[PDB]
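For reference, the structure discussed in these notes is given below.
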Amino acid sequence: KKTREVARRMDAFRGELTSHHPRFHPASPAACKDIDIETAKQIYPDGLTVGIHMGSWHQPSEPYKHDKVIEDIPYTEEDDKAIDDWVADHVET
Amino acid sequence: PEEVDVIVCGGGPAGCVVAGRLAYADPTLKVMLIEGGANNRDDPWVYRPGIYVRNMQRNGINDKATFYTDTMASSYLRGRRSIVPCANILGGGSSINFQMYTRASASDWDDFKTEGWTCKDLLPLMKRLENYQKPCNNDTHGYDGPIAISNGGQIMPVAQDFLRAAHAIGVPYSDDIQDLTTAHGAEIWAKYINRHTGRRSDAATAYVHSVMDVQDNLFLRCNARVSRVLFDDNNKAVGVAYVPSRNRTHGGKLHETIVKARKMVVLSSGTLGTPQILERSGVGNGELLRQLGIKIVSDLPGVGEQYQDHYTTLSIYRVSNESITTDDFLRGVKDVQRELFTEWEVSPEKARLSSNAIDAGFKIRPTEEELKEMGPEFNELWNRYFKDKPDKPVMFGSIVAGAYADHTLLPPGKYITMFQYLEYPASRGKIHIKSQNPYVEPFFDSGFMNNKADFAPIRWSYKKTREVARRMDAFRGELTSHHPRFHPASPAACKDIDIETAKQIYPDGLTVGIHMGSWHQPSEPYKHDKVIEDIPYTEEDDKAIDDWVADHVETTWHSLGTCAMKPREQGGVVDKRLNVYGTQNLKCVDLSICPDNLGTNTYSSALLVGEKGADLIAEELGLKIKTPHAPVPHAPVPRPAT
Amino acid sequence: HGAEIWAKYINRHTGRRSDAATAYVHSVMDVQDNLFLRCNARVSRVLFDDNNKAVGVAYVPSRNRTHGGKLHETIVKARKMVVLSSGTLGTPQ
Amino acid sequence: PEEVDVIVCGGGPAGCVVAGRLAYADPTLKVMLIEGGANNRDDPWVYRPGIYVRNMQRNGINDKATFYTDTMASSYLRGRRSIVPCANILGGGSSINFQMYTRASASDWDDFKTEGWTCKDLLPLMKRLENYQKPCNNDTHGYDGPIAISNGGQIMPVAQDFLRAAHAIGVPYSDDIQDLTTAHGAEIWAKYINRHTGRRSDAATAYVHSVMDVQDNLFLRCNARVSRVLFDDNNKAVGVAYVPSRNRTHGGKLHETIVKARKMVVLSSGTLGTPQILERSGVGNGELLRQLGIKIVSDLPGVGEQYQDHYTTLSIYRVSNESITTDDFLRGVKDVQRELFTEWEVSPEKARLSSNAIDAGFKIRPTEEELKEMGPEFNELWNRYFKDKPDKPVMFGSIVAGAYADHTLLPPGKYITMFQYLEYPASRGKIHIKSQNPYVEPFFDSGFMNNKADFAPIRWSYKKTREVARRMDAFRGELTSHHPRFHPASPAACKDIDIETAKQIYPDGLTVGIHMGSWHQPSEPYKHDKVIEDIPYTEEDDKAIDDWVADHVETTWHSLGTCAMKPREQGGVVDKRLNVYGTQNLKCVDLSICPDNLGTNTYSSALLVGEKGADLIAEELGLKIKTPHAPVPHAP
Ligand SMILES: Cc1cc2nc3c(=O)[nH]c(=O)nc-3n(C[C@H](O)[C@H](O)[C@H](O)COP(=O)(O)OP(=O)(O)OC[C@H]3O[C@@H](n4cnc5c(N)ncnc54)[C@H](O)[C@@H]3O)c2cc1C
Ligand SMILES: Cc1cc2nc3c(=O)[nH]c(=O)nc-3n(C[C@H](O)[C@H](O)[C@H](O)COP(=O)(O)OP(=O)(O)OC[C@H]3O[C@@H](n4cnc5c(N)ncnc54)[C@H](O)[C@@H]3O)c2cc1C
Ligand SMILES: Cc1cc2nc3c(=O)[nH]c(=O)nc-3n(C[C@H](O)[C@H](O)[C@H](O)COP(=O)(O)OP(=O)(O)OC[C@H]3O[C@@H](n4cnc5c(N)ncnc54)[C@H](O)[C@@H]3O)c2cc1C
C-alpha cells in the first residue's frame with residue numbers, strides 16, 4: 001500500500017499493471033487503473049487495436065496532469081484479503 | 001431538391017435496400033437517403049476487408065462509430081457501465097463489421113407470429129439478396145443477388161485446426177451451418193466478401209451507388225443527422241428535418257434544413273437511432289415526451305423498450321510462433337502491413353487481407369446430460385423456449401486468427417481468440433432520449449445479465465471453447481491475465497506460455513524464464529503425442545467464471561427490438577406492414593422491428609428486413625421490383641459457378 | 001531411350017499446380033450439390049453385410065485427442081458402392 | 001509536307017478539338033497541327049494525374065511552361081511584378097493543369113450577346129465533349145464524348161471534413177455544382193481523370209492521338225513556334241511560317257519554314273500566344289505595328305487588350321499528423337514517392353496518384369448582410385453585373401489536401417490550403433509584342449487589382465475560408481508566416497501549431513516549445529467538443545487582408561479575352577463565326593475570343609469553344625462531324 005502511494009505520486013507513473021497486482025473487486029475504490037489512452041497510442045501509433053474497449057480487461061488511467069491533487073487509496077477488510085492472497089501467490093526469495 | 005417522393009432516414013443495410021430497390025423499380029419515383037455518417041463510396045478503409053478491427057477504436061481519430069455508454073452502473077456487471085457501439089457511416093454496420101456470414105434458423109422467423117414473416121414467406125427474399133460464391137450441399141441460397149458471400153481469399157491454417165478439435169469433442173462437421181435447420185454443428189465460416197474482387201460486400205455500394213451510377217432519381221445526403229419527422233394535423237408524415245453531423249455552427253446553435261415527402265417516410269436508423277428519431281418526433285412514451293416538452297403524435301410506450309442483443313465473450317489463447325495470425329498486422333508492425341496491403345492490390349482473389357480471419361466456428365446446443373449442470377433458471381428458459389424448437393442454437397463459437405483485444409494490454413507473441421455469443425438472451429434493456437436536441441446523449445441501459453438465466457450458457461460455452469483450444473495443434477496456453485480468477489491451486493486454473501515458445505519470442509531477452517513473481521504457471525512444451533482430458537470444474541471454479549462473465553461480457557453489435565412488430569396492446573410500435581401505430585406514411589424498416597431474437601450475426605437479417613420492407617412499400621405504391629438489381633461497382637459481370 | 005525438356009503438372013496460364021482435387025472435385029462441388037466432402041476423417045474399416053456386401057464405412061478423427069483416448073467412430077452408409085482409394089499403403093490396412 | 005488544307009496553330013485543347021474533329025469528319029482533309037512545345041504522347045509525366053504540381057517549377061529544368069513577367073511593377077500589387085505562366089506542351093493546359101472539372105454558368109454564355117453562343121446553342125456541344133464517369137441527379141452531362149470525367153481513384157478524408165465545415169457555415173451540399181445553374185453550393189469536386197485507367201484526360205490523347213492512330217490525314221509538327229500568318233493580296237490567309245522552339249542556330253540567325261493552307265488557317269496558340277501571332281503578322285493596333293515596322297493587314301487595336309483572368313489567393317492551414325496529405329510526396333520523401341508511383345502502376349482505378357487531391361470545394365455568393373460590409377465600388381459592380389444574374393458565383397473556394405506552396409519556405413508537418421479565386425474580376429490588362437522577332441518577350445501587364453472593386457470579395461473569401469478551416473477536424477492552426485500581417489493583439493490574429501502536434505513532428509528535438517523569439521502564438525490542443533464563434537475583424541484587420549491580397553494574389557491560369565468576339569467598333573477582333581475582321585480564311589478559336597469572363601475553371605470552356613469552332617469550320621467546308629470520335633488510346 002505504501003510503495004503504491006509512492007508510485008502514484010511519481011511524475012513518470014502512468015498506471016498499475018492490472019495483470020500483476022492484487023485481485024480487487026472491480027467496483028472497489030482500491031482497484032487498479034492500467035495504462036492511459038494517450039500513452040497506449042504512443043506505443044502502437046499505427047495499430048488497429050488501441051483503444052478497443054471490447055473485453056473490458058482494464059480500467060484505463062486518466063491522462064497525466066502535473067497539477068493533479070492526490071489522495072490515498074482507501075482500503076476495506078476485503079481489499080486487505082485480496083493483498084493477503086496476492087502475497088501468498090507472489091511472495092518470493 | 002426540397003421535395004421528393006420517399007425519404008429514407010439512415011443508410012444502414014435495410015435503408016440501402018429500401019432506397020435502392022424503390023429507386024430502381026421506378027425512375028420517376030424521386031427518393032432521398034439521409035445518413036448521419038459519411039459517404040463510404042470508394043474508401044479503402046471500407047472496401048478492404050482485413051482492416052475491419054480498427055473501426056471500434058475509441059482513440060480520438062475514428063468517427064465511423066458512435067458509442068453509447070450506460071447512463072448508470074449495472075450491479076449485474078459488478079459495477080461497470082456497459083459500452084454499446086453502432087455505425088456512424090453510410091452502409092451502417094455493413095461498412096465496418098466483422099463480415100461473418102450467418103443466417104437465422106427457420107423457427108426464429110416463424111416465432112414473429114406475423115403473417116408475411118414466416119420462414120416460407122421470406123425464403124424467396126432471403127435468396128433474392130445473396131450472390132453465394134462457395135460450395136454447399138443444398139438449394140437454400142441465391143445466385144443473382146447484389147451481396148457477394150464467400151470463403152474469401154485465404155483460409156487460415158487454424159480454421160481446420162479448430163475443426164479437428166471440434167470433431168474431437170463431438171460437434172460434427174457440416175458443409176453449411178446457415179441452411180436454416182442447423183443448431184448443432186461446425187463449419188468453415190463464410191464472409192460478406194466477393195471471391196473475385198476481394199472487396200467487402202457493403203449494402204451501400206450493392207443497392208445505392210449501383211443505381212446512382214445509372215439513374216438520377218436517387219438522392220444521397222450524408223453527414224446529415226435526422227433530427228425528427230414532421231407531421232400533418234392528422235399524423236401523416238409530411239417530411240423530415242436534419243441538422244449537420246458536427247455541432248459546429250456559429251455558437252453550437254441549431255440549423256435545421258427540411259425536406260418533404262409526397263408518399264412515404266422510412267426510418268432505417270437502426271435499433272438505437274430509430275427510437276430516438278421517433279421519440280423527438282412525437283412518437284413514444286407519453287410521460288417521457290411530456291417531461292421533455294414534445295407535442296404527442298402517438299403514445300407508444302414500447303418505443304425504445306425490449307432492447308436485445310447477443311452477449312459476446314472473448315476467450316484468448318496463446319499459440320505457436322510458426323502459427324499464422326493477424327496479431328503483428330494489428331500491432332502496426334511496418335513491413336507486415338506493407339506486405340498485406342501490397343498483396344491485396346496485386347492479387348485480391350488470394351490475399352490474406354481479403355478475409356476477416358474468422359475462418360471457422362460452430363453453432364452448439366447442450367445435451368440432456370449438460371442441461372442438468374446448468375441450474376434451475378436456465379432449465380426454466382430451456383423448457384419454455386428451446387425444448388421443442390430443435391433448430392435453435394444456444395451459443396455461437398468461432399475462432400479469430402489473432403487476439404481481438406487491445407494489444408497494448410497483451411504480452412508479445414501470437415494469439416487466437418474464441419469469439420463466443422449467447423444466441424437468444426432472456427435479459428432486456430431500454431433506450432430513451434433525454435432532450436429534443438439531437439446532439440444530447442440518450443439515457444441508455446444494455447440490460448446485460450439482469451436475467452440470471454444468461455450466466456449458465458455463457459459459462460458452459462467458456463468450458464467448451466476451452467476444450468477446443470486445448471486440443472488444437474497451435475495451442476500453447478491460456479492468457480492467464482484475460483481468463484477467470486480461479487484459485488491458483490485449482491485444477492481448473494490456467495496454464496500460460498511454454499518456456500520453449502517464450503524463448504522464441506525474445507531469443508536475446510534477459511528476462512525469459514525468470515520465475516521471480518510466479519505471475520504465470522507455464523504449460524509443458526507442446527507434444528504431438530499428448531493425451532488430453534477435460535478440465536474438471538468445481539462450484540467455486542463456476543463462480544469464478546460467472547464473475548468473469550459479469551466483468552467481460554460485451555455486445556455483439558446485433559442490437560434489435562426497440563420498435564417491436566406486435567399488437568399495440570402488447571407494447572408494439574409497428575403493425576405487420578411496419579407502419580408506425582397512430583401515424584400515416586411512416587414505416588420503420590430496420591432491426592428495431594424484431595419482436596424477438598434471431599440466432600445469427602444480424603447483417604443477413606437486416607437485409608432481409610430491408611427486402612421485405614421494399615416489397616411492402618412497392619405493393620402500396622403499385623411498383624414492380626426489378627431483378628436483377630443495378631450492376632454493382634467493380635463486380636464481375638454475373639446460377640452456381642467457380 | 002531419349003532426352004527431353006521435361007513437362008509438369010502446371011497450368012501454363014495461371015501458374016498453378018494441376019492437383020486432382022481442384023480439377024475433378026472442387027469444380028463439381030462449385031456447380032452441383034450431390035458431392036459431399038469430409039476431410040480430416042480417417043477410415044477405420046469397411047462395414048459388411050451377412051452376404052459380405054459393402055453397406056457402409058466407419059471413420060474417426062485425424063487427431064487422436066478424445067477424453068480417455070476413447071475411439072469415436074461415425075458411420076456413413078452406402079446404397080450402391082464402397083470405393084477404396086486410400087493409396088498403396090492406406091487401402092490394404 | 002509543304003502544303004495542307006487546314007493548319008491549326010498551337011495544340012491547346014481548342015486547337016486539339018479543331019485539328020481532331022475536322023481530320024475525322026473527312027479523311028480527304030489534310031490538316032496539320034503546329035505546336036511550340038514538345039509532344040505529350042505517352043509521357044508518364046503528363047498522363048499520371050498526381051504529379052501535376054511540378055509543372056510550375058522555375059528550376060531551370062521543367063520546360064512544359066513559358067513564364068510571362070509584367071514588364072513594369074504594379075503600384076496596385078505594392079510594387080511587385082506579376083508572373084503569369086502558360087503551357088508550353090502539346091495538349092497545352094490540359095497536359096499540366098490541376099485537372100479540376102468546372103463548368104461556367106448558363107448566363108455566362110448568354111452574356112456573350114452573340115447568336116450561336118447562347119447556353120441553349122452550346123449545351124448539345126457541351127454534352128458532345130464529355131464522358132461523365134460519376135453519379136449526378138441531372139441530365140446536363142454527356143456520356144460518349146472523348147474527355148473522361150470522374151472523382152478519381154481515392155477521395156481524401158479532408159474532403160467530407162471540409163463539406164461538414166461548409167455546411168456548418170451555411171453553404172449547402174449539392175450533387176453537382178457544374179449544372180450551369182448553381183452559384184451558391186458545395187460538392188465533392190471532380191477531375192479530368194479516367195475512372196477506369198487512372199490517366200489524365202488531356203485533349204491531345206483524346207482528340208488528336210486517337211485520330212492519328214487510325215488515319216493518315218492528320219499531321220503533327222511539335223517543337224515548332226508559329227511566327228506569323230502569311231497573307232494574300234486580299235488579306236486571305238495563304239499559310240504560316242514557323243521557327244524552332246530553341247533559338248540554337250549557327251549565329252542565332254533566323255530560320256523560317258513555310259507551310260501553306262488551301263482552305264483555312266486556325267489560331268489556337270492561347271490568350272497569350274495568339275495575339276502575338278496576329279500582331280507580328282500585321283494584325284493589331286495600327287500604331288504599334290507602324291513603330292515595329294510591320295506592314296498593316298488589318299487595324300484591330302483590341303488585339304491583346306481586355307486580358308482577363310481569375311485572381312487566386314492561397315490560405316494555408318496546419319493540420320494533424322495523422323491527416324493524409326500530399327506534403328511528404330511533394331517534398332520528395334523517396335519511399336512515399338515509391339509507394340505512390342507503385343500503387344498507381346498496380347491498380348490505377350483506386351490509387352492515391354489517380355487524383356489531384358483537390359477533392360471538394362464550393363462556388364459562393366454573398367448575402368444582403370455581407371454586401372454592406374463590402375465597398376462602395378464592389379456594391380456598384382454588384383448592381384451592374386451580379387444583381388439580376390443569380391446563377392453567377394462571386395468567388396470559388398476549394399481544399400487542397402496539401403500545401404500548394406514552395407515547401408522550401410514551409411515548416412515541417414502537414415498542411416491543407418484553401419485555394420480561392422475571383423470568378424469575375426473588374427480589373428483588366430493587356431499584352432503586345434515588342435519586335436518582329438518571335439523569340440523576344442512581349443510587353444505584358446496582368447492588370448491584377450487595378451480595379452478597387454476586386455479587393456472586397458477576395459477579403460470576404462479569406463474570412464469565409466478561414467471560418468471553414470477553423471471548423472474542421474484536421475485543423476491544428478493557421479500558418480502565421482503565410483497569413484495577413486494582423487496586429488499581434490488583434491482578436492483576428494493568427495494562432496499557429498499547438499504544442500502536442502509540434503512535439504509529434506520532432507519527438508527527439510531539443511527546440512520544440514522554446515518560447516524565445518515569440519515568433520508564433522500556439523493554438524490550444526484539439527478538442528472535439530470546442531464551441532466555435534466567428535473571428536471578428538476591425539478596419540485595421542481588413543487593411544491587413546487588403547495588403548495581403550495585394551502582396552499574394554496570382555493568376556489561376558484561366559486567362560481569356562485578348563482577341564474578343566464583339567462588333568469591331570467595340571474594339572472586337574472576330575465575327576460571330578470567329579473570323580478575324582478584315583481578313584479571309586483566318587480564325588481564332590481559343591479562349592482569346594471570349595468577350596467576358598466565365599465562372600469556371602476554363603478547360604471546359606476552351607474545349608467547348610473548340611467544339612463550336614469545329615462546327616463553324618465544318619459547315620463552311622461542307623463537312624459532317626462524326627460521333628463518337630476516334631477511340632482514345634488506353635481507354636476501355
Ligand atoms: C462492429 C460491428 C460488428 C458486427 N459484426 C457482424 C458480423 O460479424 N456479421 C454480421 O452479419 N453482422 C455484423 N454486425 C451486425 C450488423 O452490421 C447490424 O446488425 C446491421 O448493421 C443492422 O442493420 P440496421 O439498418 O438495422 O442498422 P445499422 O447498420 O447500424 O445502420 C443504421 C444507420 O443509421 C444511421 N443513423 C442512426 N441514427 C441516425 C440519425 N438520427 N440521423 C441520421 N442517421 C442515423 C447510422 O449512421 C447508420 O449508418 C456488426 C455490426 C458492427 C457495427
Ligand atoms: C513426395 C511425393 C513425390 C512424388 N513425385 C511425383 C512426381 O514427380 N511425378 C508424378 O507424376 N508423381 C509423383 N508422385 C507419385 C504420385 O503422387 C502417387 O503415386 C499417386 O498420387 C498415387 O495416387 P493414389 O490414388 O494411389 O493415392 P495417394 O496419392 O497416396 O492419396 C491417397 C489419399 O488417401 C488418404 N488416406 C490414406 N489412408 C486413409 C484412411 N484410412 N482413411 C481415409 N483416407 C486415407 C491419404 O491422406 C491420401 O490423401 C509423388 C508422390 C509423393 C507423395
Ligand atoms: C498550371 C495550370 C493550372 C490550371 N488549372 C486548371 C484547373 O484546375 N481546371 C481547369 O479546368 N483548367 C485549368 N487550367 C486552365 C486551362 O488549362 C486553360 O484555360 C486552357 O488550357 C486554355 O486552352 P487554350 O486552347 O485556350 O490555350 P492553351 O492551353 O494555353 O494552349 C496553347 C498551346 O499553344 C502553344 N503555343 C503558344 N504560342 C505558340 C506559337 N507561337 N506557336 C505554336 N504554338 C504555340 C503552347 O505551347 C500551348 O501548347 C490551368 C492551366 C494551367 C497551365
Side-chain angles (χ1 to χ4, degrees), chain B residues 9-15 34-37 55-56 65 85-94 96-102 192 224-227 242 268-274 276-277 358 438 556-559 590-592 600-606 609-610, chain C residues 9 41-44 59 85-90 93, chain D residues 9-15 34-37 55-56 65 85-94 96-102 192 224-227 242 268-273 276-277 358 438 556-560 590-592 600-606 610:
Chain B
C9 296
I34 305 169
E35 165 61 37
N55 290 313
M56 283 292 100
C86 69
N88 181 51
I89 192 178
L90 186 62
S94 79
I96 59 157
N97 60 22
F98 276 24
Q99 304 150 107
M100 296 197 74
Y101 172 68
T102 308
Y192 292 103
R225 171 157 244 258
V226 169
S227 184
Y242 76 80
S268 302
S269 277
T271 308
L272 265 10
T274 294
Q276 283 192 101
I277 287 159
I358 311 174
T556 332
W557 313 277
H558 301 161
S559 324
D590 61 47
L591 288 186
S592 73
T600 181
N601 308 68
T602 58
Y603 180 22
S604 61
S605 316
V609 166
Chain C
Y9 290 95
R42 179 154 210 257
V43 173
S44 169
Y59 80 72
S85 301
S86 273
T88 306
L89 275 7
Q93 291 175 85
Chain D
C9 297
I34 311 167
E35 169 54 70
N55 295 316
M56 284 295 111
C86 71
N88 183 48
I89 188 169
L90 183 63
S94 65
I96 63 172
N97 59 6
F98 283 15
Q99 302 155 111
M100 296 199 75
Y101 177 59
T102 320
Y192 292 104
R225 181 153 231 259
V226 166
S227 172
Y242 72 80
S268 302
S269 275
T271 304
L272 269 11
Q276 292 187 58
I277 294 159
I358 320 184
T556 322
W557 311 284
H558 301 158
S559 319
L560 59 81
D590 56 32
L591 287 183
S592 66
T600 176
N601 301 73
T602 57
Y603 178 22
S604 81
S605 309

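Read the numbers this way: they start at 1 and go in the same order the structure lists the ligands and their atoms. Order of the sequence lines sets the chain letters (A, B, ...), proteins ahead of strands, with each chain counted from 1. What you see below is based on every heavy atom in this structure, not just the backbone, and it leaves out hydrogens, waters and symmetry mates.
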- Note on the structure: heavy-atom search around atom 11 (O) of ligand 2 in the protein gives C:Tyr9 CE1, 3.7 Å
- Message: Using a 3.5 Å cut-off on N or O atoms only, is B:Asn97 in polar contact with ligand 1?
- Response: yes
- Quick one: does B:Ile277 get within less than 4.0 Å of ligand 1, heavy atoms only? yes
- Task: Any atoms of ligand 2 less than 4.0 Å from a non-hydrogen atom of C:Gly87? List them with their elements.
- Result: 26 (O), 27 (O)
- Query: Considering only heavy atoms of D:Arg225, which atoms of ligand 3 have at least one such atom less than 4.0 Å away?
  - Reply: 41 (N), 42 (N)
- Item | B:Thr102 near ligand 1 by a heavy-atom separation under 4.0 Å | no
- Query: Taking the minimum heavy-atom distance to atom 38 (N) of ligand 3, which of D:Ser592, D:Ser94, D:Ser604, D:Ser269 ranks first?
  - Reply: D:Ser269
- Query: Can you find an N or O of C:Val43 that's nearer than 3.5 Å to an N or O of ligand 2?
  - Reply: yes
- Mark the output for B:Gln276 as yes if a heavy-atom distance to ligand 1 is under 4.0 Å, and as no if none is. no
- Among all protein heavy atoms, pick the one closest to atom 25 (O) of ligand 2 and tell me residue, atom and distance. C:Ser85 O, 4.3 Å
- Looking at B:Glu35, which atoms of ligand 1 are within less than 4.0 Å of one of its heavy atoms? 33 (C), 35 (C), 46 (C), 47 (O), 48 (C), 49 (O)
- Message: Suppose I only count heavy atoms of D:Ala87 and a 4.0 Å limit; which atoms of ligand 3 are within that range?
- Response: 46 (C), 47 (O), 48 (C)
- Please confirm whether B:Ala224 comes under 4.0 Å of ligand 1, counting heavy atoms of the residue only. yes
- Query: Would you call B:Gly15 a ligand 1 contact, heavy-atom distance under 4.0 Å?
  - Reply: no
- Task: Pick, from D:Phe98, D:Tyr603, D:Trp557, the option with the minimum heavy-atom distance to atom 52 (C) of ligand 3.
- Result: D:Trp557
- Closest by any non-hydrogen atom to atom 23 (O) of ligand 3: pick that one out of D:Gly12, D:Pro13, D:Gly92. D:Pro13
- Query: What do you think, any protein heavy atom under 4.0 angstrom from atom 20 (C) of ligand 2?
  - Reply: no
- Query: Between D:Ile89 and ligand 3, is there a nitrogen or oxygen pair with a distance under 3.5 Å?
  - Reply: yes
